[PDB]
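Text of input-v2.cif (mmCIF, C-alpha atoms) as supplied:
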```cif
data_input
loop_
_atom_site.label_atom_id
_atom_site.label_comp_id
_atom_site.auth_asym_id
_atom_site.auth_seq_id
_atom_site.Cartn_x
_atom_site.Cartn_y
_atom_site.Cartn_z
CA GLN J 1 67.25 -115.36 69.47
CA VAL J 2 63.93 -116.20 71.13
CA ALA J 3 63.63 -112.53 72.08
CA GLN J 4 63.72 -111.64 68.38
CA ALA J 5 60.85 -114.07 67.78
CA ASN J 6 59.08 -112.66 70.85
CA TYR J 7 59.16 -109.07 69.59
CA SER J 8 58.00 -110.10 66.11
CA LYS J 9 55.04 -112.09 67.44
CA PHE J 10 54.31 -109.30 69.94
CA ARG J 11 53.72 -106.74 67.18
CA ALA J 12 51.57 -109.25 65.28
CA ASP J 13 48.95 -109.40 68.03
CA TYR J 14 48.91 -105.60 68.14
CA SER J 15 48.15 -105.26 64.42
CA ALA J 16 45.55 -108.03 64.70
CA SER J 17 43.79 -106.19 67.54
CA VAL J 18 43.89 -102.79 65.83
CA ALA J 19 42.10 -104.55 62.96
CA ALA J 20 39.06 -104.39 65.25
CA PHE J 21 38.80 -100.81 64.01
CA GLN J 22 37.61 -102.41 60.77
CA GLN J 23 34.73 -103.95 62.72
CA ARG J 24 33.67 -100.42 63.63
CA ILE J 25 33.20 -99.68 59.93
CA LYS J 26 30.80 -102.63 59.83
CA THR J 27 28.55 -100.89 62.35
CA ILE J 28 28.48 -97.67 60.34
CA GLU J 29 27.29 -99.65 57.32
CA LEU K 1 41.02 -108.92 88.73
CA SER K 2 44.39 -107.45 89.75
CA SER K 3 45.88 -110.91 90.27
CA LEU K 4 44.95 -112.12 86.78
CA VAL K 5 46.47 -108.97 85.27
CA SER K 6 49.67 -109.39 87.27
CA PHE K 7 49.56 -113.10 86.43
CA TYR K 8 49.29 -112.48 82.69
CA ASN K 9 51.63 -109.46 82.73
CA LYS K 10 54.42 -111.10 84.74
CA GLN K 11 57.70 -110.51 82.93
CA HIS K 12 60.10 -113.41 82.36
CA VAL K 13 63.81 -112.62 82.03
CA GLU K 14 66.32 -115.37 82.86
CA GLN K 15 68.98 -114.96 80.12
CA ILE K 16 68.13 -118.08 78.12
CA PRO K 17 71.57 -119.70 77.69
CA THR K 18 72.97 -120.67 74.31
CA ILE K 19 74.00 -124.30 73.78
CA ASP K 20 77.29 -125.00 71.98
CA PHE K 21 76.88 -128.62 70.92
CA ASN K 22 80.32 -128.51 69.29
CA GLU K 23 81.95 -127.92 72.68
CA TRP K 24 80.14 -130.83 74.33
CA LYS K 25 80.61 -132.96 71.21
CA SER K 26 84.39 -132.50 71.46
CA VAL K 27 85.20 -132.71 75.18
CA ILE K 28 83.22 -135.90 75.84
CA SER K 29 79.86 -137.43 74.89
CA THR K 30 78.24 -140.72 73.94
CA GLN K 31 78.39 -141.47 70.22
CA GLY K 32 75.13 -140.40 68.61
CA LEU K 33 73.86 -138.75 71.80
CA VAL K 34 75.11 -135.17 71.40
CA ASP K 35 73.84 -135.19 67.81
CA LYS K 36 70.53 -136.85 68.69
CA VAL K 37 69.88 -134.25 71.39
CA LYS K 38 70.73 -131.38 69.04
CA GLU K 39 68.44 -132.49 66.21
CA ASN K 40 65.59 -133.22 68.63
CA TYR K 41 66.25 -130.02 70.58
CA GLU K 42 66.22 -127.87 67.44
CA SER K 43 62.94 -129.42 66.27
CA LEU K 44 61.00 -128.14 69.28
CA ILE K 45 62.66 -124.71 69.15
CA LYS K 46 61.00 -124.20 65.76
CA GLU K 47 57.54 -124.59 67.30
CA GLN K 48 56.13 -121.28 68.52
CA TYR K 49 52.84 -119.83 69.68
CA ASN K 50 50.25 -118.83 67.06
CA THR K 51 49.39 -115.34 68.27
CA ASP K 52 47.24 -114.64 65.20
CA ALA K 53 44.50 -117.19 65.90
CA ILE K 54 44.09 -116.01 69.49
CA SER K 55 44.10 -112.34 68.47
CA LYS K 56 40.98 -112.90 66.36
CA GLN K 57 38.82 -114.91 68.76
CA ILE K 58 39.27 -112.43 71.62
CA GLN Q 1 85.75 -149.93 71.05
CA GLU Q 2 86.63 -147.20 73.55
CA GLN Q 3 83.36 -145.49 72.58
CA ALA Q 4 81.44 -148.14 74.54
CA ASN Q 5 84.17 -149.44 76.86
CA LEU Q 6 85.00 -146.03 78.34
CA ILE Q 7 81.32 -145.16 78.84
CA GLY Q 8 79.26 -148.32 79.30
CA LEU Q 9 75.82 -146.75 79.64
CA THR Q 10 73.59 -149.57 80.87
CA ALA Q 11 69.92 -149.82 79.97
CA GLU Q 12 68.83 -148.84 83.49
CA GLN Q 13 71.43 -146.06 83.56
CA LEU Q 14 70.01 -144.44 80.42
CA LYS Q 15 66.50 -145.36 81.59
CA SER Q 16 66.88 -143.08 84.62
CA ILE Q 17 67.78 -140.21 82.28
CA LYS Q 18 64.64 -140.77 80.21
CA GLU Q 19 62.43 -140.80 83.31
CA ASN Q 20 63.81 -137.41 84.36
CA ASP Q 21 62.85 -135.99 80.96
CA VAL Q 22 59.33 -137.38 81.35
CA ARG Q 23 59.18 -136.19 84.96
CA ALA Q 24 60.26 -132.72 83.84
CA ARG Q 25 57.42 -132.69 81.30
CA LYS Q 26 54.68 -133.79 83.71
CA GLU Q 27 55.86 -131.16 86.19
CA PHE Q 28 55.90 -128.44 83.51
CA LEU Q 29 52.44 -129.22 82.12
CA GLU Q 30 50.60 -130.26 85.30
CA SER Q 31 51.96 -127.13 87.01
CA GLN Q 32 48.85 -125.05 87.63
CA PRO Q 33 48.88 -121.37 88.63
CA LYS Q 34 48.70 -120.45 92.32
CA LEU Q 35 46.25 -117.57 92.74
CA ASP Q 36 43.89 -116.68 95.58
CA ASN Q 37 42.74 -120.08 96.79
CA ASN Q 38 39.38 -119.42 98.48
CA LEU Q 39 38.40 -116.93 95.75
CA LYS Q 40 38.86 -118.96 92.54
CA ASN Q 41 35.75 -121.07 93.07
CA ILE Q 42 33.98 -120.23 89.80
CA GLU Q 43 32.58 -123.20 87.90
CA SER Q 44 34.63 -122.25 84.83
CA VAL Q 45 38.01 -121.84 86.54
CA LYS Q 46 37.68 -125.04 88.58
CA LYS Q 47 36.67 -126.85 85.40
CA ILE Q 48 39.84 -125.62 83.68
CA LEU Q 49 42.05 -126.57 86.63
CA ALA Q 50 40.61 -130.09 86.62
CA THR Q 51 41.45 -130.48 82.92
CA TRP Q 52 44.71 -128.52 83.23
CA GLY Q 53 46.91 -131.37 81.99
CA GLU C 1 14.42 -104.36 79.61
CA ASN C 2 14.49 -108.18 79.53
CA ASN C 3 17.86 -109.48 80.76
CA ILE C 4 18.86 -107.15 83.61
CA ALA C 5 17.66 -107.70 87.19
CA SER C 6 16.95 -104.19 88.43
CA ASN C 7 14.01 -102.66 90.28
CA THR C 8 14.19 -99.46 88.22
CA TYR C 9 15.38 -98.06 84.90
CA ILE C 10 17.10 -95.16 86.71
CA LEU C 11 20.50 -96.84 86.71
CA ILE C 12 22.97 -95.35 89.19
CA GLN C 13 26.50 -96.74 89.37
CA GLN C 14 27.94 -96.36 92.86
CA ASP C 15 30.17 -99.45 92.92
CA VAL C 16 32.15 -101.53 90.43
CA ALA C 17 30.92 -104.90 91.69
CA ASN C 18 28.90 -105.71 88.57
CA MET C 19 31.81 -104.48 86.42
CA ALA C 20 34.76 -106.32 87.97
CA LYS C 21 32.71 -109.50 88.42
CA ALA C 22 32.08 -109.67 84.67
CA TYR C 23 35.77 -109.07 83.99
CA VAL C 24 37.08 -111.91 86.16
CA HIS C 25 34.42 -114.17 84.62
CA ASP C 26 35.78 -113.12 81.20
CA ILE C 27 39.55 -112.68 81.42
CA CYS C 28 39.87 -115.83 83.55
CA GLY C 29 38.05 -117.96 80.98
CA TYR C 30 40.99 -117.42 78.61
CA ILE C 31 43.38 -119.02 81.09
CA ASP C 32 45.11 -122.30 80.14
CA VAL C 33 45.43 -120.93 76.58
CA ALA C 34 49.23 -120.92 76.75
CA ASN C 35 49.50 -124.09 78.84
CA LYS C 36 47.26 -125.80 76.29
CA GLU C 37 49.63 -124.67 73.55
CA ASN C 38 52.56 -126.08 75.53
CA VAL C 39 50.78 -129.45 75.58
CA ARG C 40 50.75 -129.62 71.78
CA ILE C 41 54.30 -128.34 71.32
CA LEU C 42 55.71 -130.56 74.07
CA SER C 43 53.61 -133.62 73.21
CA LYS C 44 54.96 -133.30 69.66
CA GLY C 45 58.26 -135.03 70.37
CA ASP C 46 60.37 -136.21 73.28
CA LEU C 47 63.73 -134.49 73.71
CA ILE C 48 65.71 -137.39 75.25
#
```
Would you write the structure of this file as structure tokens?
Amino acid sequence: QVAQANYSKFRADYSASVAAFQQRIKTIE
Amino acid sequence: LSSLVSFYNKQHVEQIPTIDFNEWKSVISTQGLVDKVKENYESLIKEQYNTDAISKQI
Amino acid sequence: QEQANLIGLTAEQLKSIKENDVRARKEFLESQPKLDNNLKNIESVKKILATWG
Amino acid sequence: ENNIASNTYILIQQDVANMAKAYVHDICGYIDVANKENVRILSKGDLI
């Protein structure tokens, strides 16, 4: 069951990092 | 640099075993012990890493 | 009565079990990583290892 | 022009010393992050 929690948390960090793309929009502004 | 990467990227696979408290509860155990271990064991299993907070600071 | 008569866990007998749990914790937390010894001399890394806990 | 020790502005990269050095000084700093988390989770309660 811990593996299920592992995969879920694993994808969370990915989405949180890709959010850095939003920071790029800050520079353009 | 390579060591830290291998250190962080080391994979852990040991087939975490499942605990059947009912089996131990039935065969033999000290009254209140098998149940006390289960309730305390389950409490810590709920705790998990907070990947979100770390994802932001880095 | 058989609950206690059959298994008469003494204070010291259960005490030894509790010490193993504590010993397992201290070993798990205090366990520091084993990387290149003579290369991890940075002020930051050594500071972390000292406060590893 | 203020915070880089170089004898010229004609920067020529022929080795990755300055690059890897700044990575080990950066990725290492974030060590103990998981062990620190284990302290909180494990110091929460005693299994016994």
Which residues are near segment 16-27 of chain C? Cut-off 9 Å, all atoms listed in the file, ignore same chain within fewer than 6 positions. Put them as a VMD selection string. (chain K and resid 1 4 to 5) or (chain Q and resid 42 44 to 45)
Given the file shown, enumerate the residues that the PyMOL selection byres ((chain K) within 10 of (chain Q)) captures and present them as a list in words.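 This file gives the following for the PyMOL selection byres ((chain K) within 10 of (chain Q)): residues 3, 4, 7, 28, 29, 30 and 31 of chain K.
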Counting only C-alpha atoms, give me one row per residue of chain Q with an atom at most 12 Å from an atom of chain C, showing the shortest contact pair and its distance in Å to one decimal, sorted by chain then residue number, as CSV.
```
residue,atom,partner,partner_atom,distance
Q:14,CA,C:48,CA,9.7
Q:15,CA,C:48,CA,10.2
Q:16,CA,C:48,CA,11.0
Q:17,CA,C:48,CA,7.9
Q:18,CA,C:48,CA,6.1
Q:19,CA,C:48,CA,9.3
Q:20,CA,C:48,CA,9.3
Q:21,CA,C:48,CA,6.5
Q:22,CA,C:46,CA,8.2
Q:23,CA,C:46,CA,11.7
Q:24,CA,C:47,CA,10.9
Q:25,CA,C:42,CA,7.7
Q:26,CA,C:39,CA,10.0
Q:27,CA,C:39,CA,11.9
Q:28,CA,C:38,CA,9.0
Q:29,CA,C:39,CA,6.8
Q:30,CA,C:35,CA,9.0
Q:31,CA,C:35,CA,9.1
Q:32,CA,C:32,CA,8.8
Q:33,CA,C:32,CA,9.3
Q:35,CA,C:28,CA,11.3
Q:39,CA,C:24,CA,10.9
Q:40,CA,C:28,CA,9.6
Q:41,CA,C:25,CA,11.0
Q:42,CA,C:25,CA,8.0
Q:43,CA,C:25,CA,9.8
Q:44,CA,C:29,CA,6.7
Q:45,CA,C:29,CA,6.8
Q:46,CA,C:29,CA,10.4
Q:47,CA,C:29,CA,10.0
Q:48,CA,C:32,CA,7.2
Q:49,CA,C:32,CA,8.3
Q:50,CA,C:32,CA,11.1
Q:51,CA,C:32,CA,9.4
Q:52,CA,C:32,CA,7.0
Q:53,CA,C:39,CA,7.7
```
Surrounding residues of segment 13-15 of chain K excluding itself and chain neighbours under 6 positions, 12 Å, all atoms listed in the file, as a ChimeraX atom specification: /J:1-3
Write out the residues from the selection above, keeping C-alpha atoms, as a compact mmCIF listing (two decimals), in the frame of the given file.
```txt
# COMPACT_ATOMS: atom_id res chain seq x y z
CA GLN J 1 67.25 -115.36 69.47
CA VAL J 2 63.93 -116.20 71.13
CA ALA J 3 63.63 -112.53 72.08
```
Name the residues in contact with segment 11-25 of chain J at a cut-off of 9 Å, using only C-alpha atoms, excluding same-chain residues fewer than 3 positions from it; report them as a PDB file with C-alpha atoms, in the coordinates of the input.
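Produced file result-v4.pdb, reproduced below:
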```pdb
ATOM      1  CA  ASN J   6      59.080-112.660  70.850  1.00  0.00           C
ATOM      2  CA  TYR J   7      59.160-109.070  69.590  1.00  0.00           C
ATOM      3  CA  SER J   8      58.000-110.100  66.110  1.00  0.00           C
ATOM      4  CA  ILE J  28      28.480 -97.670  60.340  1.00  0.00           C
ATOM      5  CA  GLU J  29      27.290 -99.650  57.320  1.00  0.00           C
TER       6      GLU J  29
ATOM      7  CA  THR K  51      49.390-115.340  68.270  1.00  0.00           C
ATOM      8  CA  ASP K  52      47.240-114.640  65.200  1.00  0.00           C
ATOM      9  CA  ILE K  54      44.090-116.010  69.490  1.00  0.00           C
ATOM     10  CA  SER K  55      44.100-112.340  68.470  1.00  0.00           C
ATOM     11  CA  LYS K  56      40.980-112.900  66.360  1.00  0.00           C
ATOM     12  CA  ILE K  58      39.270-112.430  71.620  1.00  0.00           C
TER      13      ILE K  58
END
```
Distance-based interface of chain K with chain C, 8 Å, counting all atoms listed in the file, as a PyMOL selection string: chain K and resi 1+4+37+40-41+44+47-49
Starting from 6 Å padding per side, set up an axis-aligned box that covers all listed atoms of segment 30-48 of chain Q and hand over centre and edge lengths in Å, one decimal, as lines of an AutoDock Vina configuration file.
```
center_x = 42.3
center_y = -123.5
center_z = 91.1
size_x = 31.4
size_y = 25.6
size_z = 26.8
```
What gap, in Å, lies between atom CA of residue 53 of chain K and atom CA of residue 10 of chain K? 22.1 Å
Would you work out the distance separating atom CA of residue 45 of chain K from atom CA of residue 13 of chain Q, expressed in Å to one decimal?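 Interatomic distance, atom CA of residue 45 of chain K to atom CA of residue 13 of chain Q: 27.2 Å.
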Interatomic distance, atom CA of residue 38 of chain K to atom CA of residue 1 of chain Q (Å, one decimal):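 We find that atom CA of residue 38 of chain K and atom CA of residue 1 of chain Q lie 24.0 Å from each other.
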